Amino acid sequence: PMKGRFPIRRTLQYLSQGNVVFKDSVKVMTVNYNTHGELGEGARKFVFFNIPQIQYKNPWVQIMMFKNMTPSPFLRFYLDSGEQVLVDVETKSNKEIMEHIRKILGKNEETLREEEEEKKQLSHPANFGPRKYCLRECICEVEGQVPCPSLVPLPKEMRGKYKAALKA
Amino acid sequence: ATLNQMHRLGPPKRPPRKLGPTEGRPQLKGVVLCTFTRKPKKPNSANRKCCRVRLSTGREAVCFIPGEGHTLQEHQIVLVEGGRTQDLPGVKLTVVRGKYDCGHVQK
Amino acid sequence: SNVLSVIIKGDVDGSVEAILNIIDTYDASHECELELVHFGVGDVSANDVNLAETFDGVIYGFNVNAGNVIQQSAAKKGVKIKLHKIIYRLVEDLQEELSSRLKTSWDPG
Amino acid sequence: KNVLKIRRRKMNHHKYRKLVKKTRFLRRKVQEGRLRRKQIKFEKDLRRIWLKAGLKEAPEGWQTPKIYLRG
RNA sequence: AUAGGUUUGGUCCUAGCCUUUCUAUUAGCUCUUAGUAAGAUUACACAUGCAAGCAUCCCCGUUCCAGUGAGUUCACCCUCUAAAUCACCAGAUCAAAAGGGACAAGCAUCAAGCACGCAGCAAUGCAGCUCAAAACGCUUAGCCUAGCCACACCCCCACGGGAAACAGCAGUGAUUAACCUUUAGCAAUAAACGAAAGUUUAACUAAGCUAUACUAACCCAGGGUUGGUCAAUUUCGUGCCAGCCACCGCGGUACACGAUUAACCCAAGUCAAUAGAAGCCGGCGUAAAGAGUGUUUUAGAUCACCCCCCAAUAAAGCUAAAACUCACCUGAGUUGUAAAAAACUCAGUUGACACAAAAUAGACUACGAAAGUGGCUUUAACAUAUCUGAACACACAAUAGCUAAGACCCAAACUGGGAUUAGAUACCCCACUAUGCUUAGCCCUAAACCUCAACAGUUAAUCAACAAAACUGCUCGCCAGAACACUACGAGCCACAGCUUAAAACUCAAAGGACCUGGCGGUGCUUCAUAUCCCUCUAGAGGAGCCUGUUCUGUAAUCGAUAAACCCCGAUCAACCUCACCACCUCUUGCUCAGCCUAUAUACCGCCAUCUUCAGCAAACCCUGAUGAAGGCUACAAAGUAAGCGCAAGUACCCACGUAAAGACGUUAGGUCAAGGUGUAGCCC
RNA sequence: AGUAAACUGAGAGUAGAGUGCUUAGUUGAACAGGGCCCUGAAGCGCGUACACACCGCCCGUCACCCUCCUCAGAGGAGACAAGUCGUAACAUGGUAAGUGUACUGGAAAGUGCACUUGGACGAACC
Ligand code: FES
Ligand SMILES: [K+]
Ligand SMILES: [Mg+2]
Ligand SMILES: [Mg+2]
Ligand SMILES: [Mg+2]
Ligand SMILES: [Mg+2]
Ligand SMILES: [Mg+2]
Ligand SMILES: [Mg+2]
Ligand SMILES: [Mg+2]
Ligand SMILES: [Mg+2]
Ligand SMILES: [Mg+2]
Ligand SMILES: [Mg+2]
Ligand SMILES: [Mg+2]
Ligand SMILES: [Mg+2]
Ligand SMILES: [Mg+2]
Ligand SMILES: [Mg+2]
Ligand SMILES: [Mg+2]
Ligand SMILES: [Mg+2]
Ligand SMILES: [Mg+2]
Ligand SMILES: [Mg+2]
Ligand SMILES: [Mg+2]
Ligand SMILES: [Mg+2]
Ligand SMILES: [Mg+2]
Ligand SMILES: [Mg+2]
Ligand SMILES: [Mg+2]
Ligand SMILES: [Mg+2]
Ligand SMILES: [Mg+2]
Ligand SMILES: [Mg+2]
Ligand SMILES: [Mg+2]
Ligand SMILES: [Mg+2]
Ligand SMILES: [Mg+2]
Ligand SMILES: [Mg+2]
Ligand SMILES: [Mg+2]
Ligand SMILES: [Mg+2]
Ligand SMILES: [Mg+2]
Ligand SMILES: [Mg+2]
Ligand SMILES: [Mg+2]
């Protein structure tokens, strides 16, 4: 069986289940937390569960942890513009922290789905190319068109071997 | 092994499959240097026909000659493929009948 | 033993056949044996050199060339290449080699 | 458990000790030659160092000691 | 993987190997047609022909297309910004150089690279930078495929030199297992050129060759296999030979070999060879694996807040018992064992006396990290309020061993002597040395093992076997068939016949761990042998002659038994016969709807020896072991019940005693093919 | 125990042939009590590398041929494979086995010191 407690944390499904996609300004996220103290249990479970999801969804964001450095847990986001956002995560459960960070710095679902539609714009149904990039390789695959010779031989008239013979 | 240990050690590595007597090739061209017989290891008893051939790669090997009877004399060119003769230790090749100077087995 | 292994390389198939007939007219096998490892048409090739090395043979090239690469390989492997443009000159050289192995009793006629 | 593996190792070790005793003098000669070659290789590597550095002669006041010689 | 075959006398576990599947190349055998797709092995050398023109001269192109994979982290993202297109500009598109990031595989036996950095305007100053999270280094590979990178004969480049270039198309030599035409047209698309009609193009298009593949057809099917895994064999031939196999295996009078008959699978293919596709969340007491021990940094974890003394160690000092030695005096013997020899004349009492070793306590189980520590006293002293943490360093590491100096009671490798022995380079006895001890360095190995890593936690639903019950979380180290291998090389080390790390080639289908049954034990305890193993009683053999059997010798001259379980045996029997033997002679449908004492007791029936001078054998059930081979008893009884066979009972002889008879299943391939028959093979003037 | 021993007949089979074989009968004893070295037997155990089952298995030297590696020729490994000298290991393997180390020896191996059980000590008192 998968090693480690909560092995589900190491499944691509769990990583993709994250919902916190940071806006383009967020560049660094420092999570300070305390390994002990009941008031930091939310931060502990956040670091243990969600940080994988956040990092997976925002790969270029530098997430760095700091253990027992301050009497309270907190997150600090350094944004590209030079702004610093401090989030006090004491007394909040990990789910509350996720909701809060999504609300204050997470892309909205409208933006996410608009970006997905933009990506859909790239692949055009009518384009003909390799299976990796297009639905169909050749117009021969469209019913009603002249089928591929490798399957249905063309009439002797329509093949150059016999057009030349007729011309001769 | 712990997750950290596995991550440190990376995925397991397969040693490059050591090439057999054919140097990883279906067949080789050889010149019959000599012909003789070998007693198979016990309990099998026989006089297996073998020939020392200098392969195209410059190596000198022993090829077992299959079939009932042969005419492989010195200097004749033969084709040799893999497949060890089980009862002969070290004879790890076989002359392909009907190719080059090794005619098929007479009925 | 007193055995001479010979590779024959000729410019044309007729020349190769003539040299082969001259060889077959050998009759002094008792005092020294003559073995024909390989005969062919064309310039001395790496295969010919390899056969010569394998059987301690001598390459006799009748109206054929042996590039500098072939000469270097022959020197490296101890093979001896003998390029002759005349049939009787080549036969004389062959007789000399037979005697060196021993003069040879075989008379080409 | 039986001691077949221990016996095999013991026989191999006994044979190896006997062989080393039998051929120690040859091994002595070979090892001395190996140490000489090791010293020469080390000297050559150091010379490569200070030549690639651009110096025609080793740094002034330097002489490669014999690190591999028992004496 | 839906797995299968293979270790063994057998079971279970681990484990490698191989089979089954799908591709591709080559090879054998074979092959009808049509369409399409794909097509030198080689960065080795090239004959020949063509592959770049266009156009009113200049310009433009020949830097493109096309090719190959030698080399190889120049490809991808960002910043900036060249060149080019947008008739001119516009900013838009495209995309160089440059700068930042990301970027293959193996080897750590490649662990140090040796200037690999920074600051300053400059002068110059600081001495830094990369690296066990893999720097540096070696080897291999074109890649991440609408395509991209790199090369363009070589010298990385290409002024220069070597030299005269097909990695453009067709083609060729060499080479390899690998092998397409020395076709046609620019009609289509693309490119170059032109204002344009248009011209050019070995790009491309249309054809040529090739079962390499896909599709479709065929009114002429071959290939392979048939012991098991794995679909499928009839009769002959051979007889451990010929030969066959992917693994296990077959062949000594064959469903495995060769031929034949038939059958099975695929089919214009089949499948011999090779290559690839499927490679880590499994384990470490005994299968390989917890590294001899302890402590870091970088880090990791959540187990962090919640939550006195006994035998450690170093130093100094001391000594009770027993030795040695010396003194006394007494004696001719002492030591040595299973018995002796050898060895000493030293032996006994009493007293004096160590730099050796530390009875009882200890039936205690403590100290230390491990190695280790058990006479006494004293000094110093037994790290960490969080756990893990060295092949990556530091400090330790029993016994043995080297170096130098002392002590030396006893013990003691080697050595010598005495035995024992076929031999005795051993075991047994004696003497003595290195050595064990103290000091100062080295050495750094152990079955350094409690073969069970550290920390925290649980006893719940157990758990291959055995062992010391099963697990959970976290971390580090280690392991990936056997052997080669405590090995070779490389490296490091005060080590010089060493230690640590440690491979590969050839080879095999196993190696291995734990069990069950059987045998075996110069195996333990207990109890026995009732003419019985030893002693004990009687009579014998072994000594002489003879009878007789056998072995040997001999002969032209049988055969069988030939340890117990043969040897006055087959024979309750040989002058001829018996007779199967040898020599000679004679006969051939023969006394026989022939015959054969010809081989095979290792094909058998038949009748027997043998333990047996035993008492067990047991079908059919049931249960226990997690439903493994296996096992099944306790009577104050605990999973055994058992039909039948044997014993027993019954019977003959003179009893109910005794002697007979009887004596199962099996063991010795135990005897008999010569009682007779009988299979197989063999002879038939 | 009417046994051993001694003695006396008869029968089988032959034409004849045994000191042999089968069998009837006469006289007719001594010891019969202790043990477990060896033979063995049983029970309960222990070990087991044997399974063709100790007439087993198996180690090493020496010479008997090939593959590979190291090597200036020689060594090392493996395999094949019948021998020569022993019996080192597997049973308490006949001296328990082995690890490290040192010396010694055709050869397995022997011994010295410490360590391990992957041996036992028979498991109430005797
Ligand atoms: S793929 Fe479309 S004609 Fe073939
Ligand atoms: K007598
Ligand atoms: Mg060995
Ligand atoms: Mg084919
Ligand atoms: Mg390459
Ligand atoms: Mg190495
Ligand atoms: Mg070229
Ligand atoms: Mg160039
Ligand atoms: Mg070409
Ligand atoms: Mg050619
Ligand atoms: Mg091809
Ligand atoms: Mg047969
Ligand atoms: Mg082990
Ligand atoms: Mg620690
Ligand atoms: Mg350590
Ligand atoms: Mg030490
Ligand atoms: Mg002494
Ligand atoms: Mg210990
Ligand atoms: Mg060692
Ligand atoms: Mg070593
Ligand atoms: Mg070395
Ligand atoms: Mg008796
Ligand atoms: Mg006598
Ligand atoms: Mg007889
Ligand atoms: Mg007999
Ligand atoms: Mg007569
Ligand atoms: Mg007679
Ligand atoms: Mg007869
Ligand atoms: Mg019999
Ligand atoms: Mg009865
Ligand atoms: Mg009876
Ligand atoms: Mg028999
Ligand atoms: Mg017999
Ligand atoms: Mg023994
Ligand atoms: Mg012993
Ligand atoms: Mg010992
Ligand atoms: Mg000794």
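Residues numbered from 1 in each chain as written, not as in the entry; some residues may be left out. Chains lettered and ligands numbered in written order. Part of a larger assembly, values for the part shown. Heavy atoms only, no water.

Its PDB header attributes the entry to cryo-EM and lists the resolution as 3.3 Å.

Asks: Go over the overall build of chain A with me, naming the residues and quoting the values.
Replies: Along chain A, the regular secondary structure elements total 5 helices and 4 strands. Written out in order from the N terminus, the α and β elements of chain A read α-β-α-β-β-β-α-α-α. The C-alpha radius of gyration of chain A comes to 28 Å, more than 25% above the 15 Å expected for a compact globule of 168 residues. In terms of its C-alpha atoms, chain A occupies a principal-axis envelope of roughly 95 × 45 × 20 Å. Buried positions account for 27% of the 168 residues belonging to chain A. Long-range pairs, those at least 24 residues apart, make up 61% of the contacts in chain A with a sequence separation of at least 6. For chain A, the exposed surface amounts to about 11,900 Å²; the carbon and sulfur share of it is 58%. Distance from the positive charge centre (27 side chains) to the negative charge centre (20 side chains) of chain A: 9 Å. (Helix = DSSP H or I, 4+ residues; strand = E, 2+ residues; numbered from the N terminus. Rg over C-alpha atoms; globule rule 2.2 N^0.38 Å. Buried < 20%, exposed > 50% of the residue type's maximum accessible area, 1.4 Å probe, protein only. Contact = heavy atoms within 4.5 Å. Areas by Shrake-Rupley, 256 points an atom, 1.4 Å probe, with all protein chains shown as cover. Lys, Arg positive; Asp, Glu negative; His and termini not counted. Charge placed at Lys NZ, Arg CZ, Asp CG, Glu CD.)

Asks: Explain the sheet that holds strand β3 (residues 58-62) of chain C residue by residue, including any values.
Replies: Residues and elements named next belong to chain C. Spatial ordering of the open sheet is given by β2-β1-β3-β4, a layout of 4 strands whose pairing is parallel. Two strands bound the open sheet, and with one partner strand each, they are β2 (33-41) and β4 (80-84). Neighbour-to-neighbour, the strand axes of this sheet turn through a mean angle of 20 degrees, independent of strand direction. When β3 meets β4, the two strands line up parallel, connected through 5 bridges. Bridging across to β4, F62 finds its partner in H84. Those strands touched by helix α1 (residues 13-24) are β1 (3-10), β2 and β3, and its axis lies near 175 degrees from that of β2. Packed onto the sheet, helix α2 (residues 46-55) meets β1, β2 and β3 and runs at close to 175 degrees relative to β1. (Pairing = 2+ DSSP bridges. Axes fitted to C-alpha atoms, helices over the stretch in contact; angles between N-to-C directions.)

Asks: So what's going on with the nonpolar core? Which residues, and what values?
Replies: With 23 residues, the main nonpolar core has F22, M29, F46, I54, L75, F77 and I101 of chain A as its most contacted residues. Only β1 (26-33), α2 (41-57), β3 (74-79), β4 (84-88) and α3 (94-105) of chain A provide two or more residues apiece to this core. Top element by residues in this core is α2 of chain A. It accounts for 5 residues. Residues within four places of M29 of chain A in sequence aside, it is in contact with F22, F46, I51, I54, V61, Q62, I63, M64, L75, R76 and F77 of chain A. In this structure, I19, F62, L94 and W106 of chain C belong to the second largest nonpolar core, which totals 20 residues. (Core = buried A, V, L, I, M, F, W, Y, C linked by side-chain atoms within 4.5 Å.)

Asks: Tell me about the interface of chain C and chain B, residues and numbers included.
Replies: Listed per partner, the contact involves 5 residues of chain C and 6 residues of chain B. With both sides pooled, the region where chain C packs onto chain B buries about 510 Å², and carbon together with sulfur makes up 64% of that total. In this structure, the connection of chain C to chain B is made through 0 salt bridges. Summed over the shared surface of chain C and chain B, the result is 1 residue pair in polar contact. Breaking the side of chain C that touches chain B down by element, the ones donating at least two residues are β2 and α2 of chain C. With 3 residues, α2 of chain C is the single largest residue contributor to the side of chain C that touches chain B. (Buried area = accessible area lost by both parts, 1.4 Å probe. Salt bridge = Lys/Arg side-chain N within 4 Å of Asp/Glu carboxyl O. Polar contact = N/O pair within 3.5 Å; in protein donor to acceptor, adjacent residues only side chain to side chain.)

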